[PDB]
Ligand SMILES: [Zn+2]
Ligand SMILES: [Zn+2]
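Chains as they are written, first to last, in the entry's author numbering: chain B, 1 to 3, 267 to 1010, 1014 to 1033; chain A, 3 to 209, 226 to 464, 475 to 722, 741 to 762.
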């Protein structure tokens, strides 16, 4: 008899929702990502920015080796702060730059203890003593409040931004504003399905909406244009041409950019010249007959252009199918099937050619990020194409078997949302820790050369990096554990800037405390990324072996050390890990860790990358979808309907339901679905009148439809991807795909099967 | 008269032999010093001939295949003719049926020793003009080059095909006719490309394209583009030369024609405004600190680019020649452009090599529009895809040829084992020729002898044509007829025919042994045909038929043609380029410049190229082929500085100063390579150009000293 995932979600929504969470206490434990509440910085960093597996580290390594609870944090450095909460403050320390500890190089933060009248401060991290610089000196007070503590943000707040001096910039010189390079596949495939014209016509409108700060009047971001089909087609759109010039490069293999000017021009200046091009491009390649394209050189070109302009930039690549034309990065159709019993199973989740890794390194080294809008209709090898846009901090948008009358809106919504994304450029993150522990492993859309610096060519509000800690040395129950995430980047106006997040966590040597301070959602996010990364290095049966046995070991350790004595017939779980078994089982049911029968690899590789970028709020939804009852829904109640368990056991034949995992939204209809709703939603009289293949928005509707659509909008709100709606009919229909997302059912094993499987190895760890 | 014999045989057959009467033995011919050679102009001006409207008739023997000519005997009763060269019997065509001794066909008439036939191949191909433009120059020069290019575009026939490539740091092959936007294909100016590669890259098939389109169709579009053409955008750092990819842009222009229109008439016209600084075909470095090659730099082996670069254009020239296309080079800059390295392209093809100061000069613009001079019927005076075949009598063998041509390596009976220059063949390919284009053919001896010249070419009007020239000279028993042979000697023709040979050796590794060999022959000639008692230099004398020859050798050995070390490598390449082309008349001028004198005391009269001719009361007009110089005498210079001219009293004096300027104007329009004009006077800074032009046999010396040494060596 287990408390469901939903019982917990609502129980925490009731006792913590609608209340202000203040980050004052050290090691405080925040509400769940599912529980909406107001957050005031007041000392430590908001959980919107950074959450942890445990908000109380084991004081020593052995203890940590006991419980086998992973010590990790999920950092979303640029998370979209709500309108009602205090925005970040920009701190300037003059020519000297931000005051830092001379040893561990931690920036000035609330964790600095000011001593000796205010002339010296002892580092909260490395306990090193520093001299307070002249321009920054101030007198202490009764116990060292110093008197500007509530005046200066970097002394009282956990989240803020520093201004970076010239010694923080490349070549010690002020960086240039980034550039958006739009690159379009123009082969036969994208011409026919009307995608090229769609991109062209719509890009006229959305080039206006290019990000710009309030302090300036017009976006400093420049724009460039390229097409390709086994050959590159550059364009000259200077602000003194009545007609755009095209310069075609055929020397693929030794690519180059044939222009320095006329490329990358302020959109407002060259407005008429640009619109002149976007009118022509659909007509220009209208009768194109090419069946092969190139890819690596395209990224190579867009990267080479940004190096020449001496500026960072983003590559908005639109591609259709598998790049086959002979070139570097030429891909084959290597979907050989090897799995489960094959150790070399990993290769499938690896790029074919060696050139992608190098290409990715060159991009990150020059501040170039690539975002890929992909429109496959066949094998495309996501493992290869997605490598460069993953490592660079970009995004990947895949639209399986794209059809205009259906997936048009989905794509345009993704495009708009991606252009308008608040984005940094040429970013590098460094996670510093207090004496006793350190960052040892990282998980994100990132690339690393050394073992300390996380390089992200671009980072947006949605991206998140997960960090793993290990024990450097024994900890202190008094001082605890300190973490400082520092992100050095460049803005869309070309300024060098530092964003800093400080978080203080308590240390205990008591195994009781660790369990008490555990977040299940955050723990899952780590295990997901850790396993999904191991996929490229180990057999899948090995990793699972690891997941189940580490799950059983945590619950066995809680059983034998903290739990007040109970029967052997019972399995004892802490309240923090009430629902850890259920979620863990869903991780093992994911196709990423399951097999090829019934699933393309492309789909396996796509999902594998998707999770690696996720934050806690997103990881919670993808693994345990939201299932809303729509038939019982009150009319204009009109609060969002309560969630119902992710199984077929909660589905009624007289019922209409909505299930969402953040990427796919399914509307489910029972066979005995009440015709009153089917009319007031689908505008057709009966059940057998609806067509699944007509999965477009049914805007029309007087009472229920406005009402029902409503709940579909709020679900989408905090979500970066616009979801592919899929309407389903209950029997022998496309229900087969829908059932996969019912994660409490068998389909791997079910929930009660895994709970009994954990309790067996919990009794195998005898004593 | 023997002078009348030469003047008539040149004007008729377009030929001039070193000897007009031949020795019947190989020995006494070898003894005669000068080989029996001939200047030959295939398309000599000949308005008196109407092209025969019909196919030529050929000998049945395969190895022979000579064309029907006046020499062959005929038997109208049998309708048969006997080939003069081999004696095989041949049968006339059915059409020739009504042939008789009084209404005989054209090709049998002595007046038609040389005539032109009209071939009916049936593939009528349009002309092709490929503009390869350098953009690394100031806005002044480029603008003027654009005007001259828009000008040239207007003269071309409506059906001709035009194409444009513009280069600089990179090479741009533009697509014309593409209206509303302007695409172009770009390549790295550092990577070489083959014909096949470029065919594939540009998206073409095998054997009008998107690049080569009709003038009528694109006159408006191309011109506008030329109009919007601006210089190389890529900025040039200080102390550095622009990145100019001359070698690469040429290899593209050549290959572009090699895979679209092979074996048809085409001119690739590359205009450069500086040296190649980014190879292959690299001429010199990009840093201005390093100066370009100096005959001294290249002689001391301090020129690290020459050998590599020359090799590149050498292969490019051979490619273009083989495909049958013409390469022109118009190099206008303030320093050397690397014409030494690029010379083999307009040398092996029949292309023009044009040197200059800038494209914005009255020098260039004029020279360039003389390229497209139309004849009496509005057709260009150009020829394309020339095939030259030479058949000789069985007692004569072709050594080889010197001039704008390429060996086809056609072996036969007429091909000599001892081959000279471009030899080992009886056939040559001349991709481009003009009524001026003149070769030097060298023969060998082993009742008259006869030689036939057959030239197949594509006329500028798209017509295929054949130019057959049949000549003959009388044999002689050089043991009884030494006098006959010596009187048939052409001192003018031999002087040029020997000059080319000498220069041709200057091209080759042989060094200053040229002076040594050239004099050895001059001595040998004086010893055989000179009137003298032995060891008496005073007794030595030359018949008039020879008198001017030593004087010709004197000016040859001291000319810029062999004495390069007072000119730049490009100038030496330019000078030699035109001498190997011209007919006898222009060739003599180059060697020995003409000097006229103007004065109150008589009409304009040519004088000796000596210091003696320079008098105070005399205006001199010196005419070397490449420059026109007017020299005012000391007295006349002062009258000119004082202002006597404007005064109405001295009507005569204003005319005296005008008399040579008037004549200097005529020559500044007729001559194709428009010469540099120089107006100087006694004590002028540019008086250096005059006085300079005014064991081994001898060092620089008076003509007399040179002769005196010649006189005493010939008698011993
Ligand atoms: Zn420190
Ligand atoms: Zn014959």
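Just so you know, even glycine gets a beta-carbon here, dropped at the ideal spot from N, CA and C.
Neighbourhood of residue 187 (chain A) in chain B, by CB distance below 7 Å: 511, 513, in chain order. At a cut-off of 8 Å, the beta-carbon of residue 63 (chain A) counts as near ligand 2: some heavy atom of the ligand is closer than that. Annotated three-state conformation of residue 526 (chain B) is coil, per DSSP. Listed in chain order, the positions of the region 526-559 of chain B with a beta carbon within less than 7 Å of a beta carbon of chain A are 543. Nearest Cα to residue 577 (chain B) within the set B:651, B:644, B:732, B:640: B:651. Around the Cβ of residue 138 (chain A), a 10 Å sphere holds 16 or more other Cβ atoms; the residue is buried. Within chain B, the C-beta atoms nearer than 8 Å to that of residue 184 (chain A) come from 506, 508, 509, in chain order.
Relative to ligand 1, residue 388 (chain B) has its C-beta within less than 8 Å of a heavy atom. When the alpha-carbon of residue 283 (chain A) is set against those of A:323, A:162, A:354, A:294, the nearest one is in A:162.
Under the DSSP assignment, residue 554 (chain A) falls in the alpha helix (DSSP H) whose first and last residues are 541-556. At least one heavy atom of ligand 1 sits closer than 8 Å to the Cβ of residue 367 (chain B). The Cβ-Cβ distance between residue 587 (chain A) and residue 617 (chain A) does not fall below 9 Å. Listed along the chain, the chain B residues whose CB falls inside 8 Å of the CB of residue 251 (chain A) are 523, 524.
Following the DSSP letters along the chain, one finds residue 420 (chain A) inside the beta strand (DSSP E) bounded by residues 414-420.
When the five nearest sequence neighbours on each side are left out, the beta carbons in the same chain lying within less than 8 Å of the beta carbon of residue 996 (chain B) are those of 955, in order along the chain. Using a Cβ-Cβ cut-off of 8 Å, residue 190 (chain A) is close to 514, 517, 519 of chain B, given in chain order. Residue pairing by DSSP places residue 116 (chain A) opposite A:497 in a beta bridge. In the structure shown, the three-state DSSP call for residue 487 (chain A) is strand.
Shown here, residue 24 (chain A) sits in a strand according to DSSP, grouped into three states.
According to the DSSP secondary-structure assignment, residue 854 (chain B) is paired through a beta bridge with no residue. Rounded to the nearest whole angstrom, the CA to CA distance from residue 631 (chain B) to residue 436 (chain B) is 18 Å. For residue 228 (chain A), the CB contacts under 6 Å within the same chain, skipping 5 residues up- and downstream, are 177 in chain order. Taken through DSSP and simplified to helix, strand or coil, residue 363 (chain A) comes out as helix. As a beta-bridge residue in DSSP terms, residue 927 (chain B) pairs with B:987. What residue 392 (chain A) touches in chain B, judged by beta-carbon distance under 8 Å, is nothing: the nearest beta carbon there is about 36 Å away. For the pair of segments examined, the region 643-658 of chain A was found to touch the region 696-709 of chain A: the number of CB pairs separated by less than 8 Å reaches three. Contact check for residue 688 (chain B) and residue 721 (chain B): beta-carbon distance about 5 Å, within the 8 Å limit, so the pair qualifies.
Listed along chain B, the residues sitting closer than 8 Å to residue 203 (chain A) by beta-carbon distance are 513, 514. Checking the 8 Å criterion, the Cβ of residue 523 (chain A) is out of range of every heavy atom belonging to ligand 2. Between residue 174 (chain A) and chain B, the shortest Cβ-Cβ separation is below 9 Å. In this structure, B:835 is the residue among B:335, B:928, B:835, B:666 with its C-alpha nearest to the C-alpha of residue 2 (chain B).
Taking 8 Å as the cut-off, one finds at least one heavy atom of ligand 2 near enough to the beta carbon of residue 68 (chain A).
Short note on residue 90 (chain A): C-beta closer than 8 Å to some heavy atom of ligand 2. Along the length of the region 266-333 of chain A, whole alpha helix (DSSP H) runs at least 4 residues long occupy 313-317, reported in chain order. With fewer than 16 other beta carbons inside 10 angstroms of its own, residue 205 (chain A) counts as exposed. Using beta-carbon distances, residue 412 (chain B) does not count as an interface residue toward chain A, since no partner is under 9 Å.
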